[PDB]
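Chemist: My questions all concern the structure below.
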Amino acid sequence: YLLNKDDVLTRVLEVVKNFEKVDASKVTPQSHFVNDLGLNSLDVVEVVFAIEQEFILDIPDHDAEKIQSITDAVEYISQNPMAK
Amino acid sequence: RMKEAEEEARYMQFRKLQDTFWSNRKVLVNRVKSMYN
Amino acid sequence: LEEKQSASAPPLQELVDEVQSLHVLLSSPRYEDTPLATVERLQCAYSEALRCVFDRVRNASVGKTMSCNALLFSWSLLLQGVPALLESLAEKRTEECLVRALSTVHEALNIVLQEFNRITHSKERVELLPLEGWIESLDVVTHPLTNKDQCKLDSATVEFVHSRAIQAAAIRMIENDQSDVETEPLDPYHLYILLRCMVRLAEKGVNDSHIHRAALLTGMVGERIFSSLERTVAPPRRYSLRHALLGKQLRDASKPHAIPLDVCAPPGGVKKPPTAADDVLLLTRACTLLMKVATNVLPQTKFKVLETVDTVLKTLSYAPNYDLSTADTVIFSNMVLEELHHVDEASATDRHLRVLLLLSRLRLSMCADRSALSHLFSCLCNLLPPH
Amino acid sequence: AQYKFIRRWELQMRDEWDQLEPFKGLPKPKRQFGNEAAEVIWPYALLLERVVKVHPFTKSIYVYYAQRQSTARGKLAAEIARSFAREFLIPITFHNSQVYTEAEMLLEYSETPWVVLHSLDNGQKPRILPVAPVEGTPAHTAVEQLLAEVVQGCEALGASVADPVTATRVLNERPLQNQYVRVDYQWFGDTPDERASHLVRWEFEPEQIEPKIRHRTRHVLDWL
Amino acid sequence: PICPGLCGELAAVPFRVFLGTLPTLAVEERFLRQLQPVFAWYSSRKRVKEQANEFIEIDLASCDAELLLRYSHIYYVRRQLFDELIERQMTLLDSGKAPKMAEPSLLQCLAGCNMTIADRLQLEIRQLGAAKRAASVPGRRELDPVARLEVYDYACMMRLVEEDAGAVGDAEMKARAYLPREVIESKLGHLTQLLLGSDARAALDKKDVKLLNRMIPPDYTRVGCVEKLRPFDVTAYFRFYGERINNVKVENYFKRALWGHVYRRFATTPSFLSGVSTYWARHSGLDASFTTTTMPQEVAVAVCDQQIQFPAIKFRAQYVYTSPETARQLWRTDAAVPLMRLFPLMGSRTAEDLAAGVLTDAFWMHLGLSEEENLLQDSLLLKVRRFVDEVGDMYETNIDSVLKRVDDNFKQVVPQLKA
Amino acid sequence: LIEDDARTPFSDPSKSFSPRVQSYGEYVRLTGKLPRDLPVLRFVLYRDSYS
Amino acid sequence: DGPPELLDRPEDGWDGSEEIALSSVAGXXXXXXXXXX
Amino acid sequence: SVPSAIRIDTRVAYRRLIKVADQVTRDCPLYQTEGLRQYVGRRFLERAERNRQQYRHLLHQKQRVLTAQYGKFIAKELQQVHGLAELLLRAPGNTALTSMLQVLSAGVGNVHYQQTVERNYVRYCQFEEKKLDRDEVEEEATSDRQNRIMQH
Amino acid sequence: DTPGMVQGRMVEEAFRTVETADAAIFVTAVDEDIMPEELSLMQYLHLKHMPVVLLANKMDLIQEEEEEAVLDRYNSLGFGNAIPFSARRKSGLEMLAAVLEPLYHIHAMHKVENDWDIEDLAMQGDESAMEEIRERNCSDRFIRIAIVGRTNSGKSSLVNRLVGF
Ligand SMILES: *P(=O)(O)OCC(C)(C)[C@@H](O)C(=O)NCCC(=O)NCCSC(=O)CCCCCCCCC
Ligand SMILES: Nc1nc2c(ncn2[C@@H]2O[C@H](COP(=O)(O)OP(=O)(O)OP(=O)(O)O)[C@@H](O)[C@H]2O)c(=O)[nH]1
């Protein structure tokens, strides 16, 4: 009914690693998009939208502005039952 | 004489194939000689 | 570049490597055209190496003496080569010799089974063996050799090894502790072994979480193989901008023409393939096993299974013809046709095109088992085009 | 505004021609702080006075020297390296045509300049020779001593090649390196034929000797 | 140049410095005239070319920003750099919204130190202001030497005052000539093995090596040249290597900072530097007639006095980062140089760094190890071991006595201005 | 390549030449792949007055 | 005397408006080999 | 620097623009994978940095009444961005807008070639809007004229 | 079709024709490197604010391995994604057509919009607009007047005087 946190972490890890601005060696399961990754807010909008691409669910504007960490993205998709 | 060796490489492909087909039948013939005797 | 480079300036492992090389040479499809004398020589060498490995293992008969990972890999090799090993060990063609060889192999496997019982009784951590180790342990504990119809068996041990293997797979998929070079999460052979174990435990492994993890693993492996093939055959600079502006379009619409599925370079040479001789075959058989497992799951994970099937199908379409094994490929194709019998939208067209192109590629007259050909006949007579 | 912009364009093109109109067909050299000998217009008289022959299997000669020196002998060695780079680096590449010569001034307080010799054998490591002139010997003698050391090192590095046949192959296939040199052919001849007109030229290919015009026999009779 | 080796893990922060317009590259010719000691770094940095302008891509997180701010001599260039650093740090703080906070007890101990710092602050600023009005010297020149001294030029003015105090010209270059990187790493490993039998690691990790390469300016990459380090770079390398090689637990960052400052002092002392240095040609084996393996003692001491000078400016610039609430106030008003390499090590880390630095400076001033001789003496090694162990154990057990020690040792290291 | 006109001398740079084929190419039989498992081939032979 | 661009010259007459400033902003998987140990 | 409200508004606008660009790349076939995404991101970031420098200069009661004007200017630019997103959404039907977006995704020419396509895009949409009205009023006029002529 | 750059400068007649044009196709060849006169024209077109597309002709001389380094230099030349072209093999016309297509529609828009402006102005009663419309709606056959003669007879100076420049 709900995706497991291990599978939903491998997906969000693979997206941020394959991103155009993020380095592979800099990312870690416990990292921040702005401090630990060095992305701007317009770049955070891109990486969240990239997560919305692999997970067919649609994230509203308010629930997307809270995703500033990789763990926050994991918690949101895990609690969302509408994930494929 | 370097280009002469390049021309032989084109035709060596077909000489190996003739030697393989003959050796395959030699192996298959010896198998039949054991199935009957 | 010159400035930059000037500023810069009988072991069991060897036995296992030789056994693996001889097995891949004997079982790979692109070597089917090897001469018969060479085939017989390689088969004799493979039998001798497998006999030597089994003799080493039965003379050791203790895991702590030699190793655990080495023992598990050696037993995985012996299990994949059981028939040749049995024919070499019995030394004769007799039912009594077959029974003797089978009893000796059972005696030698009792050591591994007792070690598994000891491990599952002591409740060892998952850090004991890597993912490959746990998968090989699951293979050698679920192999039908124990129940061929006197060994130590325990369903609790089976479930413990299965859970440990799944946890190790999760750990290896979440760690990603690579600096700059990206490696595959698992070897194609170990992936096929894991999916075969899941097929064996299908009565117990209907868990959607496990099926999803396995699907993600095989999808990553297929993505690696497809990326390798794509880097091998890539469009050039003179056509980069042409594809960016036009996109492999044709002058006239109704010529008629053949619809291109993938964009690549014009013919430039032979372009020797980089992939191993059995990567595509193992990926195909693993995807068949995965579909057989996930034949009855929820739509949420069925979507992921279908995406993995599409990835493997693209990898097959990129793979060469001599690497494509006719039997496994037609099995995969008829399974995908059974899946396409369900009405799908926005992807049925491209999926049908992929499957039909892959079927037209291979040679159906050279298929070993005719049951696959008959099932393909049924599926093609019952197949309906998209709406 | 556009009138003044066109005047600026005209002036820029005029100065670029005055600098490079007789050398527009040549590639531009590196803009390093030690390669001032590459942008100067070299007299053919000096190029003929200085004819240095190095081993054919050598491919690169670099001369690195320091900008500032704290020791007297270090400053002397830096001056020696600078004089050698300004005197013999351009003649060497001009008379060999297969070697690439370069000089550089590192902005550091070093007292030991050096020269790097790269051979055509990629499997052979480059050689490094320091500029250590004798304190009693003058600059004009130290420059010749450095030239002798460089030539002997090139000879040794070329004779110690792994495969001389492969070295000859890569030499025959390597392009020319002195295409950037700006030579002022003064009264000698704008064309190699005009330069060697005082000598008999036996080396000719009949494919190029044969005129390729219509009524070539008539034109040859008219010319003769 | 306030804290050598004090670096934290953070991503790359790109910034485009305007180099001029073709063909009148005024900023670029000023840089060619001024950035002579850091010309290797300048040439190594990439060059991006717009349609009609020229820019250079520097990393604000790396040492590029601080090196440019120190050697710029161009007031508007360093002003733009300072303003962009301040704005990007403000934005990063507002986006992070959760920096690690230090304990309120230790922050009270450091708060009273600025009250005594402000006395020498006015004196040291006048030295920087007087040096700006002396830019008519052919050694260093500026555009408007009569204009009012600002905050961003503090690095350049400190460099000039350190040069005038050392009284030896190009001391940093003469030290880079005798300080190769490989021999420095070897001597540092030897000193680490002497200081710790098994408490030290076998070698440094790849992430730490990457941070070191980001924080140290690169040298030339020719065929025969070797990687040479400035004296400040050697000090930073010693501090970083010690702080990353001590096996103290990650939770006990205070003892790690103490070891780092101990290595920093071991690098800053002149005797040890000249003892561990060697000429680059001798290290490479090229020449054997100009061996001169020993570094000139005059240049060594004149270049170590530069790093010794200016304690108050460093303490104030580190106290600015000691707390995030005070950083927002002191980044635009008080004397402070902003460094992106100080942001990842927020309040707790920088406060423990300040405390450890005060304690190490006091220990060195008390024991007199700055000039005596031969710091490799086993007695001195054991004394330093006992010192660091006792201070770490005390900081772990009771922090009030440690704060009292910090106050007394601060009054010791920076005395009050007299007359 | 062989000339198209005898009036035009060989000294003319714009002389026309057309190609005449000397050999249409080289050919070899096609030998398919022989399966290891099925080496025996069955066939039907039709001979008109052949022993 | 060396490169004139490296040679330092004094600025006796300079305009405050002569300064120029512009702002521009900046715009593979492999196989895993396993060896039994 | 920039207030949280303006930050949230600009983030919502950028997210909307990204969604629209991806939907356009899907609907009309843009033969490059990234396509309009990189160009839109570059232009948006450039305009954002320009406006941020303008606000930095404006920072120097006067600031209180100027911040409101800056906020209204940002709101106007965001309304422009939303209208541009709507026009991108309507583009895949038309083939000329498809060609404009295709050449912008390919990125050929210079800044003056990429700018005359960017500026005249919304102008081309407005022109296609006005053309239908002109044709309709003209056809109604000529129909009424024919009916009046046929009466006599 | 304009004359080439002689002595690093284009003639005054070519400059006026380039200014009259809407876009430009900068045709460069690969057999020769980029020359200073090409860079001088590129910056001149940039200062004139005119859309220019880079077209790399004579691509048939380029081998399969050297096409990478060639296009990399052409793309870093201020103009992005130089179009590979070959006039002998007639390659790149369908790719050049996709580039000039947006300019074709943009001009079609500006033409119809300008026609509406002149129509609205003529309805107001402007003589210049009514005269412009009269010349537009006048659908008559062109009269081809060929001025020929002997060399140095002054016919090029005659057409220049008739045209006005
Ligand atoms: P984050 O919260 O750190 O980022 C916030 C930013 C945007 C950096 C603010 O600090 C900021 O700078 N805000 C003011 C700038 C702003 O709101 N800009 C909005 C852009 S409106 C505009 O004109 C952009 C139009 C670009 C469209 C390009 C068209 C291409 C289609 C072919
Ligand atoms: N290999 C190759 N050669 C070409 C190609 N196009 C033209 N050429 C050759 O280049 C020469 C240039 O011919 P032109 O078209 O007159 O060149 P141009 O630009 O008009 O030059 P000018 O009129 O002298 O300024 C021709 O004679 C052709 O032989 C091409 O696409 N490939």
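Ordering of the structure tokens sets the chain letters (A, B, ...); residue numbers start at 1 within each chain; ligands are numbered from 1 in the order shown.
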Based on only C-alpha atoms, which of the residues in chain C come within 12 Å of chain D? I want them as a VMD selection string.
Modeler: chain C and resid 1 to 3 5 to 9
Chemist: Output the contact residues of chain H with respect to chain G at a cut-off of 12 Å, based on only C-alpha atoms, as a PyMOL selection string.
Modeler: chain H and resi 38-50+52-54
Chemist: Taking the DSSP assignment computed from this structure's backbone, write out as number ranges by chain all residues of segment 18-192 of chain D that belong to strand (DSSP E or B).
Modeler: D: 42-43, 58-66, 100-106, 114-119, 127-130, 183-184
Chemist: With a distance cut-off of 12 Å and only C-alpha atoms, select the neighbouring residues of residue 187 of chain D, excluding the residue or stretch itself and same-chain residues fewer than 5 positions from it, and output the selection as a PyMOL selection string.
Modeler: chain D and resi 43-45+194-195
Chemist: Give as a PyMOL selection string every residue of chain A that touches chain G within 12 Å, counting only C-alpha atoms.
Modeler: chain A and resi 14+17-18+20-21+24+43
Chemist: Keeping only N, CA, C and O atoms, write those residues as an mmCIF file, in the first residue's frame.
Modeler:
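Printed below is again34.cif as written:
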data_model
loop_
_atom_site.group_PDB
_atom_site.id
_atom_site.type_symbol
_atom_site.label_atom_id
_atom_site.label_comp_id
_atom_site.auth_asym_id
_atom_site.auth_seq_id
_atom_site.Cartn_x
_atom_site.Cartn_y
_atom_site.Cartn_z
ATOM 1 N N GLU A 14 19.299 8.180 -6.630
ATOM 2 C CA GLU A 14 19.720 8.059 -8.021
ATOM 3 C C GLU A 14 19.372 9.303 -8.827
ATOM 4 O O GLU A 14 20.059 9.617 -9.805
ATOM 5 N N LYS A 17 21.887 12.131 -7.753
ATOM 6 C CA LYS A 17 23.221 11.825 -8.256
ATOM 7 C C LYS A 17 23.327 12.105 -9.749
ATOM 8 O O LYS A 17 24.354 12.609 -10.218
ATOM 9 N N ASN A 18 22.278 11.794 -10.504
ATOM 10 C CA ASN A 18 22.250 12.027 -11.941
ATOM 11 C C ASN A 18 21.817 13.441 -12.303
ATOM 12 O O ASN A 18 21.555 13.710 -13.480
ATOM 13 N N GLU A 20 22.041 17.578 -12.967
ATOM 14 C CA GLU A 20 22.978 18.325 -13.799
ATOM 15 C C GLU A 20 23.970 19.130 -12.968
ATOM 16 O O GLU A 20 25.070 19.431 -13.446
ATOM 17 N N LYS A 21 23.610 19.490 -11.735
ATOM 18 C CA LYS A 21 24.449 20.350 -10.914
ATOM 19 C C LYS A 21 25.016 19.671 -9.676
ATOM 20 O O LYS A 21 25.956 20.205 -9.081
ATOM 21 N N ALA A 24 28.231 13.432 -7.415
ATOM 22 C CA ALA A 24 27.918 12.133 -6.830
ATOM 23 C C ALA A 24 28.576 11.961 -5.468
ATOM 24 O O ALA A 24 27.944 11.475 -4.523
ATOM 25 N N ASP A 43 17.165 25.751 -8.144
ATOM 26 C CA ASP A 43 17.662 24.406 -8.404
ATOM 27 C C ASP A 43 16.947 23.368 -7.549
ATOM 28 O O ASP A 43 16.800 22.215 -7.971
#
Chemist: Could you please select, counting only C-alpha atoms, the residues of chain A within 9 Å of chain C and state them as a ChimeraX atom specification?
Modeler: /A:1,3-4,6-7,9-10,13,23-26,28-29,82-84
